[PDB]
Chemist: 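Once you've had a glance at the structure underneath, I'll fire off some questions.
The sequence lines fix the lettering, A, B, ..., with proteins before strands; numbering per chain opens at 1.
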Amino acid sequence: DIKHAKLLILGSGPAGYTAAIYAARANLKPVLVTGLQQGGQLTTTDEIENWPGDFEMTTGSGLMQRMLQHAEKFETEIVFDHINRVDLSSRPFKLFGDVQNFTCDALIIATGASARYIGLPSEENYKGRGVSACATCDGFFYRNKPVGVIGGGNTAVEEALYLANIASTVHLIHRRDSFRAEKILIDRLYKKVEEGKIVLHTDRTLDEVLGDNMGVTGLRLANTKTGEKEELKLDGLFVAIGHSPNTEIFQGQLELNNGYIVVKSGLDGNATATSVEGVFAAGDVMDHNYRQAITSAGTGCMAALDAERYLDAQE
Amino acid sequence: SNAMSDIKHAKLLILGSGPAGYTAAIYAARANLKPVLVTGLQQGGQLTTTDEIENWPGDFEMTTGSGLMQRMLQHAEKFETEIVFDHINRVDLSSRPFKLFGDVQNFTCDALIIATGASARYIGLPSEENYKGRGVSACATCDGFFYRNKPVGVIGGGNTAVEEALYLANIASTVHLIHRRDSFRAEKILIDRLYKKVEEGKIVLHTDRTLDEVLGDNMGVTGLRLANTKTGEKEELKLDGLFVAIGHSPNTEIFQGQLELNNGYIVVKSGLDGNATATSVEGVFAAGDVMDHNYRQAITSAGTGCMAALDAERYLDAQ
Ligand SMILES: Cc1cc2nc3c(=O)[nH]c(=O)nc-3n(C[C@H](O)[C@H](O)[C@H](O)COP(=O)(O)OP(=O)(O)OC[C@H]3O[C@@H](n4cnc5c(N)ncnc54)[C@H](O)[C@@H]3O)c2cc1C
Ligand SMILES: Cc1cc2nc3c(=O)[nH]c(=O)nc-3n(C[C@H](O)[C@H](O)[C@H](O)COP(=O)(O)OP(=O)(O)OC[C@H]3O[C@@H](n4cnc5c(N)ncnc54)[C@H](O)[C@@H]3O)c2cc1C
Ligand code: NA
C-alpha cells in the first residue's frame, strides 16, 4: 500500500513545519512524516528565549505545538512514521518506513540532528538506566540528587543550567577548560558555579560509567594532562557532546559533507537544492554553523519555495 | 549640542527595525554585544504595511504584521537593546570604527549589521510623481482608510499587489487591480482569495494594461488612463486613489561605492561554512531583504538576521 505524495516532508521540527505551512499555502497538499521525536530538538529544551517575537515565557514544547497546529490550519497531512531507508536513484522517490512505504515527486528533508555518545561500553550499558541525552526528559528523576553533564558546548551548558534547578549538585565535565555557549548563558553558568550549584570538572574525560544492577552510581574521570584517575559519586549522567545530523539513511543517496546534506546555497535561489534534482534540505541537517530554531525555520521556508518552483517546472 | 555629543559609539550597530534587524538585536544582545539599533523611517519595516500575517510559523490564530513587529521590538528591549529613532543618510566604511551619519545624529561602531530592507518602487511617470500624497500611494494600510467606500486602483501583478488588493477589498467600494499581463504571481492561497473577490465583483481585473497617465484636478487624483498592451487602445477609469504595488527595491543607495552590490542587493559570502552574511567589507554584515532577491519573507529575513548577529559576534570576539 504505497502512499504517494506530490511533496513529502521528512521531519516535524521547525524546518519541517515551516516548510509544510508554506507548501500547504502553495496548494501542494504536503504530507509531513513526524519521525520519532515529534516537534524535534526543541521539545528537549525548557524555556526558549530567542524565538523572535516571543518575549514573555515560551517553552520549546509550547512553540512546537503551535507550529503543529499551524501546519494543520492549512490541512497539512501529518503522518507518524520513521523512515529507515530511502532510494533517490530514480523518480518518483521511494521511502521505506517502519509503518508504511512512500513515493513522492519532490522531497524536503528536515531530519535535524540527534545527540552523539562517547562510545564506552559502560556508557552503553547504562543508557536508559542513568545515562541520558535529554535533560528535560529524565531530569525529574534526580530532584535533590547529584548528576553529571559531559560536554562543553551550547547543549552542555543549557542542560547544566536546566538541571541546576532540580539536582542537588550538577557536575559539569569537559575535556577543555572553557565552555562555548551564548554569552548570556555563560554568565548564568558562572553564577551557578560561584553559588556552588554547578561544579566544574575541566580538563577531564570520562573513563568509565560506574553503577550496579539498578543504575548509575558514579563516574571515573581522567585528567587530560596527567592521566591521573579520579572517581565522582552521582546518580545520573547526561551526555551533551553535540548533536550529529540525522543522515545515516542518506549515505549513498545524496552528497554529504561530514554528515551534513550539501545544498546549493548562494544568492540566486534554489538554495536548498541537494545533489539530487527534486530533493531539498532544510534545518540542522544542512547547517553546521548556526543551529537555531529561527534559522532552521527560515531554510524550511526556502525549501518549500524551492520545491514549489521545481514542481511548477515539471508542467 | 556640539559635534562631539552628536556621535554615539556602539560596539555593534544594527540598521533597520524589520524582522532581520530585530532578530539580530535579540541574538546580539544575548551575545553581550550591547547592540544599538537604528529604526529608520519605517519602524517595524514592511510588515507594518500588511494586515494579517498567516505564515509566521507558530502564529496560527490571528496575528498582524504590526502586532508581530511590536512583539519583536519588546523582545529586543527585553535584552536591553538601545533603540534609536534615526535614518542614516551617508556612511564611511573605509575605517574602523565605521562612521555613519544620520538625519538626527552621527554614529561610530566596531561592527555593523545592515538590515535596511527594501522600499516600494514607483513606475516613474510625471503624473504619478505629481499626485504622490494626493491620491498616489505605495502603502495600502497607511492610506486605505481615506478611501472607504470609494473606488481605488492597485497596479502590479505580484504578491504585494494581490495582498494590497485583498486588503483594500474590505474598505473601498471597488478595487481595480491593474497589470500588464493576463496572469498574477502570488501565493496560490491568495490567488484563490483574489478570484473569490473577483467573482463577487468586489475586485475588478484589468489585465494586459499599463498605466498611461494619472489623472486629477488641483486637489488630487480623479482617474487613470490605461493602455492596452496588445493593441494600444487607451481608456480611462474613474477612481479616487492609486496604490502602486510593482515590487520593492533594496535600500542600498547609501552603500554605493562602499560595498559590493549586485543589482542593488548587498553581496554576502553566503555558503555553508559560516560567516554567511559577511559583506565585502570586513566587520560589516547584511541580512534580510536588502540581500535576498529570491525569498523575501519575514521568516527568512529573521533567520539571516540571526546569522548576522552570530557572524558579528565571531568577528568581534576575534579582535
Ligand atoms: C538542548 C537543546 C536546547 C536548544 N535550545 C535552543 C534555543 O533556545 N533556541 C534555538 O533557536 N535553538 C535551540 N536549540 C536548537 C534547535 O532545537 C534546533 O536548531 C532546531 O530544532 C532544528 O530544527 P530542525 O527542524 O532542522 O530539526 P529537529 O528539531 O532536530 O527536527 C528533526 C525532525 O526530523 C525527524 N526525523 C529524524 N530522523 C527521521 C527519520 N529517519 N524519519 C523521519 N523523521 C525523522 C525528527 O523526528 C524530528 O521531528 C536547542 C537544541 C537543543 C538540543
Ligand atoms: C504588502 C506586504 C505584505 C507582506 N506580507 C508578508 C507575509 O504575509 N509574510 C511574510 O513572511 N512576508 C511578508 N512580506 C514581506 C516581509 O515584510 C519582508 O520580507 C520583511 O519585512 C523583510 O524584512 P527586513 O528586516 O529584511 O526588511 P524591512 O522589513 O524592509 O525593514 C527594513 C528596515 O530598515 C530601515 N531602513 C531603511 N533604510 C534605512 C536607513 N537609511 N537608515 C536606517 N534604517 C533604514 C527601515 O526603516 C526598516 O525598519 C510582505 C511585504 C509587503 C510589502
Ligand atoms: Na492575536
Chemist: Are there residues of residues 155-162 of chain A whose heavy atoms fall under 4.5 Å of chain B's heavy atoms? If so, which?
Modeler: none

Chemist: Heavy-atom count check: over 12 atoms from other residues, nucleotides or ligands less than 6.0 Å from B/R181 CZ?
Modeler: no

Chemist: Can you tell me how far the CD1 atom of B/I299 sits from the OG1 atom of A/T18, to the nearest 0.5 Å?
Modeler: 5.5 Å

Chemist: Less than 4.0 angstrom from a charged side-chain N to a carboxylate O is my criterion; do A/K183 and B/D317 meet it?
Modeler: yes

Chemist: Verify, without hydrogens or angle tests, whether A/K73 (side chain) and B/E61 (backbone) share a donor-acceptor contact under 3.5 angstrom.
Modeler: yes

Chemist: What residues of residues 57-69 of chain A sit under 4.5 Å from chain B when only non-hydrogen atoms are counted?
Modeler: A/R66, A/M67, A/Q69

Chemist: Answer with side chain, backbone, both or neither: which region of A/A24 has an atom nearer than 4.5 Å to a non-hydrogen atom of chain B?
Modeler: neither

Chemist: Which residues in residues 280-288 of chain A have any heavy atom lying under 4.5 Å from a heavy atom of chain B?
Modeler: A/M286, A/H288

Chemist: Would you give the length of the straight line joining atom CG of A/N27 to atom CG of B/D192, rounded to the nearest 0.5 angstrom?
Modeler: 5.0 Å

Chemist: Given heavy-atom pairs under 4.5 angstrom as the criterion, report whether the side chain, backbone, both or neither of B/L33 touches chain A.
Modeler: side chain

Chemist: Using 0.5 Å steps for rounding, measure from the CD1 atom of A/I21 to the CH2 atom of B/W56.
Modeler: 11.5 Å

Chemist: So for B/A186, is it side chain, backbone, both, or neither that comes closer than 4.5 Å to the heavy atoms of chain A?
Modeler: neither

Chemist: With a 4.5 angstrom heavy-atom cut-off, is it the side chain or the backbone of A/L305 that approaches chain B, or both, or neither?
Modeler: side chain

Chemist: With only heavy atoms counted, which part of A/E49 is less than 4.5 Å from chain B, the side chain, the backbone, both or neither?
Modeler: both

Chemist: Rounded to the nearest 0.5 Å, what separates atom CZ in B/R30 from atom CG in A/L185?
Modeler: 5.5 Å

Chemist: Which one, B/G305, B/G271, B/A298, B/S301, leads in non-hydrogen pairs under 4.5 Å with chain A?
Modeler: B/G271

Chemist: Heavy-atom pairs under 4.5 Å with chain B: which of A/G269, A/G298, A/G53, A/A71 has the most?
Modeler: A/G53

Chemist: Tell me, side chain or backbone of A/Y290 under 4.5 Å from chain B's heavy atoms, or both, or neither?
Modeler: both

Chemist: Measuring from atom CD of A/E308 to atom CD of B/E187, what distance do you get when rounded to the nearest 0.5 angstrom?
Modeler: 8.0 Å

Chemist: Less than 4.5 Å to any heavy atom of chain B: does that hold for the side chain of A/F74, its backbone, both, or neither?
Modeler: side chain

Chemist: Looking at A/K264, A/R309, A/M302, which one has more heavy-atom pairs under 4.5 Å with chain B than the rest?
Modeler: A/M302

Chemist: Pick from A/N257, A/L267, A/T295: which one has the most heavy-atom pairs with chain B under 4.5 Å?
Modeler: A/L267

Chemist: In terms of heavy-atom proximity below 4.5 Å to chain B, should A/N258 be classed as side chain, backbone, both, or neither?
Modeler: neither

Chemist: Counting only non-hydrogen atoms closer than 4.5 Å, does B/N275 touch chain A with its backbone (N, CA, C, O), its side chain (CB onward), both, or neither?
Modeler: backbone

Chemist: What residue in A/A20, A/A297, A/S265 has the most heavy-atom pairs under 4.5 Å with chain B?
Modeler: A/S265

Chemist: Can you name the side-chain contact (heavy atoms from CB on, under 4.5 Å) partners of B/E80, sequence neighbours left out?
Modeler: none

Chemist: Rounded to the nearest 0.5 Å, how far does CG of B/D311 lie from CG of A/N289?
Modeler: 8.5 Å

Chemist: Testing the basics here: between A/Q292 and B/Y27, what is the closest heavy-atom pair and its distance to 0.1 Å?
Modeler: OE1-OH, 2.8 Å

